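Beneath this line is the structure, given in structure tokens, with notes to follow.
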Amino acid sequence: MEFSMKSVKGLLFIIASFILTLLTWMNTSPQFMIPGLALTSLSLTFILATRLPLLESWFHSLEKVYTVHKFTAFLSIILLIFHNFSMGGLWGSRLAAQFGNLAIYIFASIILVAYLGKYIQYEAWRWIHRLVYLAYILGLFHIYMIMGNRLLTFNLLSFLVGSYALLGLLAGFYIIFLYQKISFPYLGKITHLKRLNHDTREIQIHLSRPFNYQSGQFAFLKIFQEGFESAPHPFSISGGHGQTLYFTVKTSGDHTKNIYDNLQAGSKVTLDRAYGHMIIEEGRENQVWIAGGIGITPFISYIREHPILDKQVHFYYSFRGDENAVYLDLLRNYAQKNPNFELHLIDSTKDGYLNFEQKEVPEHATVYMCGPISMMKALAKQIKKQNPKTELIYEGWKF
Ligand SMILES: Cc1cc2c(cc1C)N(C[C@H](O)[C@H](O)[C@H](O)COP(=O)(O)OP(=O)(O)OC[C@H]1O[C@@H](n3cnc4c(N)ncnc43)[C@H](O)[C@@H]1O)c1[nH]c(=O)[nH]c(=O)c1N2
Ligand code: HEM
Ligand code: HEM
């Protein structure tokens, strides 16, 4: 039985931090039963927030990373409840107690926005969420103002505190004001803007520095221009080698609509880094491909780079009808030139969408899936129902 090995290194970071907190506290000084955990949980929280590649690897992918972000947050806040229970009276002297109180007021408010806020419009959510930071500062003041002596000691308590808080802080500071400016500097200019259905625009980009990524990965993209929000948004390559780069976009909501029908052909543009683990090249000798139409870009990227297949690949792409269908011709070029390639294309309009019950596909083959998350999750489960002896990876674009 072999559940989630690589993720586990990520997990250990959690476990370790916690147990290390706990033993430390009980053996030496368990003066406050709960808070130690709460705080280290927070430390972790920031650390995860970082979009740090090193721990990206450990926790595997963004999807996983952000998942754990939520996990820690949950734990933390419930524990703040119990700490607030340990207070007894909400206002207090207000000499210090109110600091703690005030922090949780804002924290609670915002974390409680998480559900409702993510419902509609995440731009606001960007800024609001960041207010969490301010509240964290207040939290630190609460404790430092109270337990000065012990923190400045040699006690493992004291170092543990120092380190875990500090990491958290450094991360915090960094993610609030730094990731955008140090990470986006990979530089870029746009090249060509090209129009496909209404769903879609594709863009070509040239770079002050020649770029690198593993085939199938993704990056976030930031722009300097006229009344165009620069904020980084997730994207999966449509082409890349050397100085040269291409991204493909479906019209989504407002920002994406903006680039669909507005983007001025000249702009100064910025790129954080490669991320994600849809590593085509690393996949098995046989690879099987599933694309929700709008979301076929990774596949495209690997087709455009390397004109000959690593090994034979079975590919399926679902697009409803020509009316939505994009890239048809470019795929078709590939097919003609590429004997090694097996290609299936679906107008879900007629007959409908694809189910794999009445399908057999070689177990000895990694399966790669990118689509609207609904379909992707469904698909996955039905393919599992086909065969656990098969190798399967599936992604849906969320956060
Ligand atoms: C790993 C990965 C890879 C890609 C993508 C996502 C992820 C997670 N996307 C999706 C891409 O983020 C999305 O299509 C646009 O950024 C939509 O931005 P709007 O401001 O229009 O979002 P708006 O809120 O108006 O609606 C679009 C949807 O995208 C979500 N979204 C997009 N960016 C977000 C962000 N930074 N924070 C939170 N939610 C965000 C919104 O939450 C919403 O559900 C993508 N798209 C694409 O066209 N081509 C691509 O190659 C990729 N690749
Ligand atoms: C259930 C609890 C939580 C939810 C639902 C939540 C939700 C989110 C969401 C949706 C984002 C946007 C994702 C991104 O693009 O970065 C985000 C970002 C972030 N969160 Fe959280 N979060 C939670 C807890 C926490 C905690 C506990 C911390 C810190 C201790 C934290 C710190 C951050 C930071 C620093 C960012 C990055 C902001 C930026 O620079 O863009 N979050 N959170
Ligand atoms: C409404 C929120 C909170 C209230 C009312 C509160 C109240 C208090 C009170 C009354 C004390 C003793 C000092 C005093 O009474 O002046 C205290 C100590 C402490 N609180 Fe809080 N608190 C809150 C939130 C938090 C949070 C969110 C954390 C950690 C994340 C935390 C961690 C601690 C720690 C660590 C101590 C002392 C332990 C030590 O320094 O070794 N508290 N709190």
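Among the residues of segment 385-399, write down those that are over 14 Å from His364 (Cα atoms) and out of contact with any helix residue (DSSP H, G or I) (no Cβ under 9 Å at 6 or more places or on another chain).
Correct list: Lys385 only.
Could you please find all residues in segment 234-245 being of a type outside the set (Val, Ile, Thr) and crowded, with 17+ Cβ neighbours inside 10 Å?
Selection gives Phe235, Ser236, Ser238, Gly239, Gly240, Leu245.
Which residues, taken from segment 228-247, are touching a residue at least 60 places away in the same chain (Cβ under 8 Å), closer than 18 Å to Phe399 by Cα and in a loop (DSSP other than H, G, I, E, B)?
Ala231
What pairs can you find where one residue is in segment 70-89 and within 14 Å of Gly100 (Cβ to Cβ), the other is surrounded by fewer than 13 Cβ atoms within 10 Å (Cβ to Cβ) and of a type outside the set (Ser, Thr, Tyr), and their Cβ atoms are less than 9 Å apart, with a gap of 6+ or different chains?
Every condition considered, the pairs that remain are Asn84/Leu90.
List the number of the failed condition for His60; all other conditions in (1) in contact with a helix residue (DSSP H, G or I) (Cβ under 8 Å, 6 or more places away or on another chain); (2) within 12 Å of ligand 2 (Cβ to nearest atom); (3) closer than 30 Å to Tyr213 by Cα hold.
Of the numbered conditions (1) in contact with a helix residue (DSSP H, G or I) (Cβ under 8 Å, 6 or more places away or on another chain); (2) within 12 Å of ligand 2 (Cβ to nearest atom); (3) closer than 30 Å to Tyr213 by Cα, the odd one out for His60 is (2).
Conditions (1) closer than 19 Å to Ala171 by Cα; (2) within 11 Å of ligand 3 (Cβ to nearest atom); (3) of a type outside the set (S, T, N, Q), marked per residue:
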{"residue": "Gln31", "(1), (2), (3)": "no, yes, no"}
{"residue": "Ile34", "(1), (2), (3)": "no, yes, yes"}
{"residue": "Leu44", "(1), (2), (3)": "yes, no, yes"}
{"residue": "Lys64", "(1), (2), (3)": "yes, no, yes"}
{"residue": "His69", "(1), (2), (3)": "yes, no, yes"}
{"residue": "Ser86", "(1), (2), (3)": "no, yes, no"}
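Keeping to segment 368-395, report how many residues are buried (at least 16 other Cβ atoms within 10 Å of the Cβ), farther than 17 Å from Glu63 by Cβ and under 25 Å from the mean Cα position of the chain (by Cα).
Final tally of qualifying residues: 2.
Residue under question is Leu160, and the condition is that it be over 23 Å from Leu95 (Cα atoms), away from ligand 2 (no atom under 15 Å from the Cβ) and surrounded by 13 or more Cβ atoms within 10 Å (Cβ to Cβ); does it hold?
yes
Where the second residue is surrounded by 15 or more Cβ atoms within 10 Å (Cβ to Cβ) and of a type in the set (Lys, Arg) and the first is over 14 Å from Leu44 (Cα atoms) and lies in segment 153-182, which pairs have Cβ atoms under 9 Å and are six or more apart or on separate chains?
Partner pairs satisfying both residue conditions: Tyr179/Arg51; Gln180/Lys222.
Which one of the conditions (1) farther than 14 Å from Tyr368 by Cβ; (2) surrounded by 16 or more Cβ atoms within 10 Å (Cβ to Cβ); (3) among the hydrophobic types (A, V, I, L, M, F, W, C); (4) over 26 Å from the mean Cα position of the chain (by Cα) does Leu343 fail to meet, given that it meets all the rest?
Of the numbered conditions (1) farther than 14 Å from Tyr368 by Cβ; (2) surrounded by 16 or more Cβ atoms within 10 Å (Cβ to Cβ); (3) among the hydrophobic types (A, V, I, L, M, F, W, C); (4) over 26 Å from the mean Cα position of the chain (by Cα), the odd one out for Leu343 is (2).
Suppose we filter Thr45, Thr24 for residues that are buried (at least 18 other Cβ atoms within 10 Å of the Cβ), over 24 Å from the mean Cα position of the chain (by Cα) and either part of a helix (DSSP H, G or I) or not assigned by TED's automatic domain parsing to the domain that holds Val132 (or both); which single one remains?
Result of the check over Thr45, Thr24: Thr24.
Being touching a residue at least 24 places away in the same chain (Cβ under 8 Å) and not aliphatic (A, V, I, L, M) narrows it down to one residue among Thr67, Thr21; which is it?
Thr21
Restricting the search to segment 245-255, which residues are within 18 Å of the chain's Cα centre (by Cα) and within 16 Å of ligand 2 (Cβ to nearest atom)?
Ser252
Considering only residues that are of a type outside the set (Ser, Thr, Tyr) and within 12 Å of ligand 2 (Cβ to nearest atom), which ones fall in segment 105-120?
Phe107, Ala108, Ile110, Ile111, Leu112, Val113, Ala114, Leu116, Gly117, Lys118
Take segment 165-201 and flag every residue that is in contact with a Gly (Cβ under 9 Å, 6 or more places away or on another chain) and surrounded by 17 or more Cβ atoms within 10 Å (Cβ to Cβ).
Correct list: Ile190, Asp199.
May I ask you to list the residues in segment 222-256 that are of a type in the set (S, T, N, Q) and in contact with a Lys or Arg (Cβ under 9 Å, 6 or more places away or on another chain)?
Matches in segment 222-256: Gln225, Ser230, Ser238, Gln243, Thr248, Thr251, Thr256.
Hand me the list of helices (runs of 4 or more DSSP H) wholly inside segment 86-181 holding 1 or more residues that are within 16 Å of ligand 1 (Cβ to nearest atom).
Helices (runs of 4 or more DSSP H) meeting the threshold: 97-119, 122-146, 156-177.
Can you tell me how many residues in segment 314-346 are farther than 20 Å from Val249 by Cα and assigned to a loop (DSSP other than H, G, I, E, B)?
Selection size over segment 314-346: 3.
Report, ordered by the first and then the second residue, all pairs with beta carbons closer than 8 Å, sequence separation of six or more or different chains, a first member in segment 248-276 that is free of Cβ contacts under 8 Å to residues at least 12 places away in the same chain, and a second member that is of a type outside the set (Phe, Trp, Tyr) and part of a loop (DSSP other than H, G, I, E, B).
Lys257/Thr251
Restricting the search to segment 263-277, which residues are of a type in the set (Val, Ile, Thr) and either within 16 Å of ligand 2 (Cβ to nearest atom) or surrounded by fewer than 18 Cβ atoms within 10 Å (Cβ to Cβ) (or both)?
Listed by number, the list holds a single entry, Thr270.
Cβ coordinates were reconstructed from backbone atoms using ideal geometry, including for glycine residues, and neighbour counts include every protein chain displayed. All of this is worked out from the model, or read from it or from the source named; nothing here is a laboratory result.
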